[PDB]
Q: 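Okay, handing you the structure first.
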Amino acid sequence: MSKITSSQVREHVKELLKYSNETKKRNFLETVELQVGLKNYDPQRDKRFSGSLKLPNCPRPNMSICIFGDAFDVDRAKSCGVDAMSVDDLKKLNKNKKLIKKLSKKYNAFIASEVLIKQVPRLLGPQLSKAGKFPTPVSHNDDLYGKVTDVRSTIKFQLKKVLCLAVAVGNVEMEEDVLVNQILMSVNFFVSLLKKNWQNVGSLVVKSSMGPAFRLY
Amino acid sequence: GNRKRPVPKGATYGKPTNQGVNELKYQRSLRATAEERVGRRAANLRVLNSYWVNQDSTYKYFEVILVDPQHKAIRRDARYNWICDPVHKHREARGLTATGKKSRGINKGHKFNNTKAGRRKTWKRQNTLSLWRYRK
Amino acid sequence: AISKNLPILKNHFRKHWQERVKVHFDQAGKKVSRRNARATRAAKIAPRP
Amino acid sequence: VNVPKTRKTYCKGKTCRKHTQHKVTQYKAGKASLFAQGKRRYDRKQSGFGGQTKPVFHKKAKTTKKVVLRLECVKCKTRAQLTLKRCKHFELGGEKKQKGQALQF
Amino acid sequence: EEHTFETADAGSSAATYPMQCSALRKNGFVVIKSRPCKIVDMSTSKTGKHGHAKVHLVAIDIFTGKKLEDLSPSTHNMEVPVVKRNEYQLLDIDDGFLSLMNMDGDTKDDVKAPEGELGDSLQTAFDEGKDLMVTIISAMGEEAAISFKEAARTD
Amino acid sequence: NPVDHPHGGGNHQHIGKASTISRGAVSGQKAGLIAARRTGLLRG
RNA sequence: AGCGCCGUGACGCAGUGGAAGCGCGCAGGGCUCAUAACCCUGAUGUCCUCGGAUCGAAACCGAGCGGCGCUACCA
RNA sequence: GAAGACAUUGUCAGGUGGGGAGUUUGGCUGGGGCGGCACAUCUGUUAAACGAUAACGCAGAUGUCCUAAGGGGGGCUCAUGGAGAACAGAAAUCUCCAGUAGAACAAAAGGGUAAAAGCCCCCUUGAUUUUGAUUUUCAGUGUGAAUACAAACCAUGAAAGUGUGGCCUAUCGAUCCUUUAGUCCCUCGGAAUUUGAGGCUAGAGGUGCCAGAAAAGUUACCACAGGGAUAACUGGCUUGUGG
RNA sequence: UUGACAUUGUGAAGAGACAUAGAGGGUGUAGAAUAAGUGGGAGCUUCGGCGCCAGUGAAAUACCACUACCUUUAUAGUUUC
RNA sequence: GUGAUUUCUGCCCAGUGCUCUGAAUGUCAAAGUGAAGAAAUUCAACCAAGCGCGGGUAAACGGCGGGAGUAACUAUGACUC
RNA sequence: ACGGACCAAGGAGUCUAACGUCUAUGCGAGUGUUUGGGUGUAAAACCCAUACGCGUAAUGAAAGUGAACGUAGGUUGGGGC
Ligand SMILES: C[C@@H]1C[C@@H]([C@H](O)CC2CC(=O)NC(=O)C2)C(=O)[C@@H](C)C1
Ligand SMILES: [K+]
Ligand SMILES: [Mg+2]
Ligand SMILES: [Mg+2]
Ligand SMILES: [Mg+2]
Ligand SMILES: [Mg+2]
Ligand SMILES: [Mg+2]
Ligand SMILES: [Mg+2]
Ligand SMILES: [Mg+2]
Ligand SMILES: [Mg+2]
Ligand SMILES: [Mg+2]
Ligand SMILES: [Mg+2]
Ligand SMILES: [Mg+2]
Ligand SMILES: [Mg+2]
Ligand SMILES: [Mg+2]
Ligand SMILES: [Mg+2]
Ligand SMILES: [Mg+2]
Ligand SMILES: [Mg+2]
Ligand SMILES: [Mg+2]
Ligand SMILES: [Mg+2]
Ligand SMILES: [Mg+2]
Ligand SMILES: [Mg+2]
Ligand SMILES: [Mg+2]
Ligand SMILES: [Zn+2]
């Protein structure tokens, strides 16, 4: 047994889906999320946990990611359908922080080739680190469609400064069996990153993009 | 309270198990100590019984019933002249009152196997090597 | 010490046991005494059995 | 050392009795769980006067431990324990080796 | 079928190894009162006229910088931590808490920025840029930044 | 000699440990300066 | 006799198996009538030798050299 | 007169406590001490051509490392030299010839291996289950390691076949206690149910003084039992050193 | 030495914690209003009013955010300094 | 502790000790409190002193460094690193 | 190397509980009277009931179950007849 049993989640998720699928018909997509709270836990004193796992299927394929990389990766990413940006156009963009301020905003994530290490910090500024989006490595043998599927599906848990975190673990328009599975994999992944496991969580809110933010515990 | 061990400066001279001074308990009750002191005070009488009457944090208070073995009202009156027998001299000093039989453990059953016919007598019997003429 | 193929013995003689040895030399005397007590009691309570 | 999280091996679960798929985890000891008879005896022996009553080990020599693998059949949930040799670093299902790759220095 | 994925840790092994007392050296590491320390002074003396040796040891804690002293017979064993240093590349430093990157792009946003004379100089050398390489010492479940170097080549 | 006093013994005459003694020390230990807030000559 | 440690730029010293760094010193220009201070810029190393293991050693191993040390007690 | 439900006193609980108590303070060792490890082990030699064989003999090594560096199959041949090919040079890649291994096989050393045991590639988990027998150390005990079958379930291959970890020789651990797995079994003894506890079979947590106590000194204030099994003076053998 | 219980009875006036709910932005520069944060993301309403874009910053603004402390507030009570 | 008089009694509070604060926090026993349980019990919060953190103190215990260059004969080095 | 000037007298593997191998004796699937009773020429000798010990059943942690397929098996030796 845990603090959460899949039965209680099964009954919250049903009317959570029944609201979005039946009642309110908005002209755009609806996304289900997970929000977590932390209690008796102090970011300044304690250890800032950091974890991510490969979620089985992507919660939202409608997010824009830019392919930093060398000639080989840009060549196989320009044919993929993902915006592949070179290394020699960034060469003197460091002149102005505004030139890269828009770069971080438009792309929901960044992944770069293994030559990112020497370059991406110093070629750019520290904005990407500040923004919470730092490029993740991709190898020459790693199929780039594999990473852009993986990096799009993975959820990252990070204790940055505040006791509240939130990862997105689905879109509404899936069948309900995989929704209860993934909402249940993400909660006990989150507790596994804590000192006392379930004894540090004090808030678990699951919901959909626009409506009834159900509390769980 | 407890019976502090009356060794000078707490220095017991022996093994660590016997190094205790403070958390040691007297094997007789305070009611038996009360009976001892009253019987010594009134050595011409025989302690019959005692009971609790009161207590505060420092003292427990008891009342002792004593019988006069010389009074002719007690020497006659068959229901009580057993106490005039010499065998009942200082029965409270030998643990023969109710509190003394309780502290000696004198009761029936398996819970009192150590102390039924007196524990030192039980120990002597259990620790006696009995040899017969035609050895068994 | 432990030596040879011999059974493990459990002779409980590590106390002052020689102070509590009872030898029943008085077996014959106490049997005579018991018969004497029975005879005197029979005489006292006669003819009760 | 690096061991996969998944492994096909023999399951003696009275319904498999054959090689089935297993999930691999590392064995963790578990809480000492007082009210165990040895813990009750120890508490009774340590109560009172007499000091420390049992040996207290001091002469540590080992620096590693044997790793025990907890194998769970995916068909009947029967579990089995396997023992590996001593190691300093142990990991499960991570970063299969790359053969012909340049050194990253 | 099953759930929760049985997420675990997959750990083992000791943070200290027992080696000796007389085999220690200055600039080596030793555990004193459960703290990791760097030896700066060790001396040996005979205890009597036909007795044996004892080692007096003076060492600085590798994290708090405090002096610790201890003494032991030269032939008993003491613990030595498994002190390790790691290269990282210096990304942003925002609320202290230097965010670092390994030889791969994997990030360590876990280590407090040093608040001492080395840490403030690190921040000043970081504000104008000139990407740094910071060394992290990580003995006995504690981590700390101890040095920083300007990259040599590839300007 | 050491049998007589905490300061006794030695191949030279010296106290050997701090002569400042805590208030919570026990009888036989309070030889020297007991619960001293400071020692040494006043005003340097 | 046995044992331990050290050797890095002219000097004093750091140093994470991926070709070496601090402070002065030195060099070039400037300011001054000139030197110093000051300002702007550069340069300086078989890491004591000679072999070995490693893809690659300043670090590890073997020797050789030069210094510093420690033990030296009961008789 | 002061003080007052506070102090005090009782019991339990945490701290402090060489003031005091009890105990300990390994072994081997050309006396002991300091040093070292010859204390559990492995390679070569000493070792005197079966086996065994000592020393604080000699030269070294071990407390690890590995999902492959384990298992099978396939294809190929290594170090090195010569001759050649823009930059390219003594050292970058390419080609041919010669090449018995002069390479490689995690790590000491020794042994072993060429259509392989090396290198590259394709699959995979036999590094599995149940026990018994055997070899070495040996008391023919344990522990560690290993060998050959049996009964299953598998991997690989066209197949013969091979595979019960690492090409072989080292790479490690009882009782008590704790913990997990298995049978879902046995017991809690007045009779049941459910917790809890205890059992049976098999792993782990560790004893490196490695057949496995829980352990700091000093003594010229010293004590006892002994020892010429053992040092310091004389004698004896030797004579490097001295002459 | 420190805490608790007992000894141990009789009383009042300022604080302060538990649970329900309503409130709340507190700032430096500056978008377009005075910005306490992080995740999602272009819609219901009589207002096209607001967000999207483009300017603005350390960080976007409609909306879902009864989520995250933090700062206040009125309770039938229950607890302590 | 030192040891008549005279004349002096330098520098060092990092360590060990002694001593003094705070409540901004870490550790934190028994009793008491809350929650889960059928209950034994388990978990959590609160949590005194001490410790920890931070000051003071050497007529407290005590301690009180290396190397190199440099003067118009050399040598030394007032000076300098 | 130590003990021994001389002589007399004394002066050191005992008894007990439990037990192993061997041997003797009795009876033998049984065996053991002597706790006790009876009796007596009285600590002897003689007589004795019921029990109890060991043995005739093992194995298992335990709940439990529990010894002939057969001339109580086959093969190889085997004294004696
Ligand atoms: C060191 C720890 C304990 C140790 C062991 O139980 C220690 C002793 C304790 C004792 O009093 N008697 C014994 O027979 C063993 C053990 O088994 C290790 C694996 C784990
Ligand atoms: K002693
Ligand atoms: Mg008790
Ligand atoms: Mg106690
Ligand atoms: Mg003292
Ligand atoms: Mg003393
Ligand atoms: Mg003297
Ligand atoms: Mg003592
Ligand atoms: Mg010895
Ligand atoms: Mg041994
Ligand atoms: Mg031979
Ligand atoms: Mg057990
Ligand atoms: Mg001799
Ligand atoms: Mg000569
Ligand atoms: Mg005086
Ligand atoms: Mg002075
Ligand atoms: Mg408590
Ligand atoms: Mg001194
Ligand atoms: Mg003699
Ligand atoms: Mg003589
Ligand atoms: Mg004589
Ligand atoms: Mg005689
Ligand atoms: Mg005799
Ligand atoms: Zn199965």
Side-chain angles (χ1 to χ4, degrees), chain A residues 26-28 31 33 35 37 130 160 162-168 199 203 205 207-211 213, chain B residues 1-2 9-16 19 56-58 129 133-134, chain C residues 4-7 9-11 13 25 27-29 32, chain D residues 1-4 7-10 12 17-19 27 29-30 32 35-39 42 52 54-59 61-63 65-66 68 70 79-84 86-88 96-97 103 105, chain E residues 46-53 67 69 73 85 87 135, chain F residues 15-22 24-29 33 35-41:
Chain A
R26 289 175 152 69
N27 207 6
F28 267 95
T31 310
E33 183 176 0
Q35 322 206 22
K130 288 181 161 62
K160 179 69 185 298
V162 184
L163 292 178
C164 59
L165 275 301
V167 296
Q199 283 178 346
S203 306
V205 176
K207 55 96 176 179
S208 80
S209 180
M210 287 210 197
Chain B
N2 297 339
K9 310 181 179 179
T12 313
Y13 290 91
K15 296 176 164 175
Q19 214 159 4
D56 53 69
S57 72
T58 311
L129 175 59
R133 292 193 297 151
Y134 306 97
Chain C
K4 302 147 172 102
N5 186 17
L6 292 158
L9 311 170
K10 283 173 91 158
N11 301 305
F13 294 103
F25 299 116
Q27 177 175 23
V32 169
Chain D
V1 305
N2 177 28
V3 179
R7 158 172 183 163
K8 291 193 65 58
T9 196
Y10 185 77
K12 41 177 182 171
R17 265 168 207 180
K18 77 212 186 200
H19 268 67
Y27 153 80
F35 298 114
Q37 177 65 89
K39 178 67 172 166
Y42 182 78
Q52 174 62 37
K54 305 293 287 281
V56 188
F57 186 54
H58 294 120
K59 290 170 169 164
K62 303 289 181 289
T63 70
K65 287 169 163 61
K66 292 171 166 185
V68 172
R70 183 178 182 270
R79 297 166 181 86
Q81 302 189 114
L82 272 178
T83 315
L84 315 186
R86 307 189 159 277
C87 53
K88 294 201 189 301
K96 293 286 195 77
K97 276 189 234 181
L103 283 73
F105 59 85
Chain E
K46 301 286 293 299
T47 58
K49 101 231 309 241
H50 61 86
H52 62 81
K67 262 168 91 154
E69 315 206 349
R85 300 157 219 126
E87 294 179 354
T135 318
Chain F
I15 291 152
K17 292 206 176 258
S19 58
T20 43
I21 306 297
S22 69
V26 306
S27 297
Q29 291 187 319
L33 320 180
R37 295 164 196 89
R38 62 167 316 285
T39 60
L41 196 75

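Note that these values count all heavy atoms, side chains included, but never hydrogens, waters or copies made by symmetry. Each chain gets a letter, A, B and so on, in the order its sequence line appears, and its residues count up from 1.
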Q: Given atom CZ of D/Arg86 and atom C1' of H/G208, what is their separation to the nearest angstrom?
A: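 Taking atom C1' of H/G208 as the reference, CZ of D/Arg86 is at 11 Å.
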Q: Establish whether the base of G/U16 is bridged to the side chain of E/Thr135 by a donor-acceptor pair shorter than 3.5 Å.
A: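 Indeed there is one.
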Q: Using atom P of each nucleotide, how far apart are H/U77 and H/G72 to the nearest Å?
A: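 These two P atoms come out 23 Å apart once rounded.
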Q: Could you check whether H/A106 pairs with H/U64 (Watson-Crick or G-U wobble, each of the two distances under 3.5 Å)?
A: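 Both donor-acceptor distances below 3.5 Å, so yes.
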Q: Between J/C61 and J/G15, do both key distances fall under 3.5 Å for a Watson-Crick or G-U wobble pair?
A: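 J/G15/J/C61: base pair present.
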Q: Does the pairing criterion hold for I/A19 and I/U75? That is, Watson-Crick or G-U wobble with both distances under 3.5 Å.
A: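 Paired: I/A19 with I/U75, WC or G-U, both distances under 3.5 Å.
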Q: Please check the phosphate of J/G17 (OP1 and OP2 only) for any side-chain N or O of F/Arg37 closer than 4.0 Å.
A: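 Checking F/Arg37 against J/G17: no side-chain N or O falls below 4.0 Å of OP1 or OP2.
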Q: Using a 4.0 Å heavy-atom cut-off, does A/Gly211 contact any base of the nucleic acid, only the sugar-phosphate backbone, or nothing at all?
A: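 Here A/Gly211 touches the backbone only, sparing every base.
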Q: Of all the choices, H/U64, H/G205, H/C65, which nucleotide is nearest to the side chain of D/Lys65 once you look at every atom?
A: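 Side chain of D/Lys65 sits closest to H/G205.
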Q: Whole angstroms only, please: what is the CD-P distance between D/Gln81 and H/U129?
A: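 These atoms are roughly 11 Å apart.
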Q: D/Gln37 side chain N/O closer than 4.0 Å to the phosphate oxygens (OP1, OP2) of H/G198?
A: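 Answer no for this pair, as no side-chain N or O of D/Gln37 is under 4.0 Å from OP1 or OP2.
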Q: Mind checking if B/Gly14 touches a base, just sugar-phosphate, or nothing, with heavy atoms under 4.0 Å?
A: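 Answer is sugar-phosphate: B/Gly14 comes under 4.0 Å of backbone atoms only.
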Q: Would you mind telling me which residue lines up with the more 5' stretch of RNA chain G, E/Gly48 or D/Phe105, judged by nearest nucleotide?
A: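 The residue mapped nearer the 5' terminus is D/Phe105.
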Q: Contact class for F/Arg38 (heavy atom, under 4.0 Å): base, sugar-phosphate, or nothing?
A: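 Answer is sugar-phosphate: F/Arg38 comes under 4.0 Å of backbone atoms only.
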Q: Below the 4.0 Å mark, does K/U35 have OP1 or OP2 next to a side-chain nitrogen or oxygen of C/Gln27?
A: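 Yes, such a contact exists.
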Q: Looking at the strand neighbours I/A4 and I/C5, are the centres of their six-membered rings under 5.5 angstrom apart while the planes meet at under 30 degrees?
A: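 Stacking test on this dinucleotide step: yes.
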Q: Between H/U45 and H/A109, how many Å separate the two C1' atoms, rounded to a whole number?
A: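 It comes out at 11 Å once rounded to the nearest Å.
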Q: Test if H/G102 is paired with H/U24, treating Watson-Crick and G-U wobble as valid and requiring both distances under 3.5 Å.
A: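 H/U24 does not match H/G102 under the WC/wobble rule.
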Q: Looking at H/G217, H/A215, K/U16, which one has an atom nearest to any side-chain atom of D/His58?
A: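 Of all the options, the side chain of D/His58 is nearest to H/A215.
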Q: Tell me yes or no: do the six-membered rings of G/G56 and its strand neighbour G/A57 sit under 5.5 Å apart at centre, with planes under 30°?
A: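 For these two strand neighbours, the answer is no: their six-membered rings do not meet both cut-offs.
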Q: Is there aromatic stacking of D/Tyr10 on H/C153 here, judged by a ring-centre distance under 5.5 Å and a plane angle under 30°?
A: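 One would not call D/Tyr10 stacked on the H/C153 base.
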Q: Can you figure out which of I/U7, H/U128, K/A17 approaches the side chain of B/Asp56 most closely?
A: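 Per side-chain heavy atoms of B/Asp56, the pick is I/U7.
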Q: Counting only side-chain N and O atoms of E/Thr47, is one of them less than 4.0 Å from OP1 or OP2 of H/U218?
A: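 Checking E/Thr47 against H/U218: at least one side-chain N or O falls below 4.0 Å of OP1 or OP2.
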Q: Is there a Watson-Crick or G-U wobble pair formed by H/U62 and H/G208, both distances less than 3.5 Å?
A: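 Donor-acceptor distances not both below 3.5 Å, so no.
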Q: For I/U29 and I/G9, do both pairing distances fall under 3.5 Å in a Watson-Crick or G-U wobble arrangement?
A: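 Not paired: I/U29 with I/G9 fails the WC/G-U check at 3.5 Å.
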Q: What I want to check is whether H/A98 forms a Watson-Crick or wobble pair with H/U25, both distances being under 3.5 Å.
A: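 Verdict: no pairing.
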Q: If the P atom of H/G212 is compared with that of H/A174, how far apart are they to the nearest Å?
A: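 Straight-line distance between the two P atoms is 13 Å.
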Q: Closest approach to the side chain of D/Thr9, judged atom by atom: which nucleotide of I/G41, J/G17, H/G126 is it?
A: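 Side chain of D/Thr9 sits closest to H/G126.
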Q: At less than 3.5 Å, do the side-chain atoms of F/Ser19 and the base atoms of J/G1 form a donor-acceptor pair?
A: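 Flag unset: no donor-acceptor pair detected.
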Q: May I ask whether J/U57 and J/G17 form a pair, defined as Watson-Crick or G-U wobble with both distances under 3.5 Å?
A: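 Result yes; both H-bond distances under 3.5 Å.
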Q: Among the candidates H/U125, H/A197, H/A204, find the nucleotide nearest to the side-chain atoms of D/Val68.
A: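 Shortest atom-to-atom distance from the side chain points to H/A204.
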Q: With a 3.5 Å cut-off and heavy atoms only, can you find an N or O donor on one side and an acceptor on the other between the side chain of D/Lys62 and the base of H/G208?
A: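 Between H/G208 and D/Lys62, which were checked side chain against base, a qualifying N/O pair under 3.5 Å is present.
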Q: Would you say the side chain of D/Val3 lies within less than 4.5 Å of the side chain of D/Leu84, judging by non-hydrogen atoms?
A: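 D/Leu84 vs D/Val3: side chains touch.
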Q: Can you tell which of I/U67, H/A21, H/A214 lies closest to the side chain of D/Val56?
A: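 Of I/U67, H/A21, H/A214, H/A214 is nearest to the side chain of D/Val56.
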Q: Determine, using purine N1 to pyrimidine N3 plus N6-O4 or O6-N4 for Watson-Crick, or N1-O2 and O6-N3 for G-U wobble, whether H/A85 and H/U93 pair with both distances under 3.5 Å.
A: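 H/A85 and H/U93 meet the Watson-Crick or G-U wobble geometry.
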Q: Please tell me which of the listed nucleotides, H/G32, H/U129, H/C34, lies nearest to the side chain of E/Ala53?
A: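 The answer is H/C34, which lies nearest to the side chain.
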Q: Any base atoms under 4.0 Å from C/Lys4, or only sugar-phosphate, or nothing? Heavy atoms, all strands.
A: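 The residue C/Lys4 makes no contact with any strand.
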Q: Where the side chain of A/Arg26 is defined as all heavy atoms beyond and including C-beta, which of I/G43, H/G203, K/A17 is the nearest nucleotide?
A: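 Output: I/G43.
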Q: Taking a pair to be Watson-Crick or G-U wobble with both distances under 3.5 Å, do H/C87 and H/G206 qualify?
A: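 Given the Watson-Crick and G-U criteria, H/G206 is not paired with H/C87.
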Q: Give a yes/no on whether any side-chain N or O of D/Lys97 is located under 4.0 angstrom from OP1 or OP2 of H/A68.
A: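 Negative; the distance criterion is not met.
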Q: Can a donor-acceptor pair under 3.5 Å be found between the side-chain atoms of B/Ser57 and the base atoms of H/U9?
A: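 Checked by distance alone, the answer is yes.
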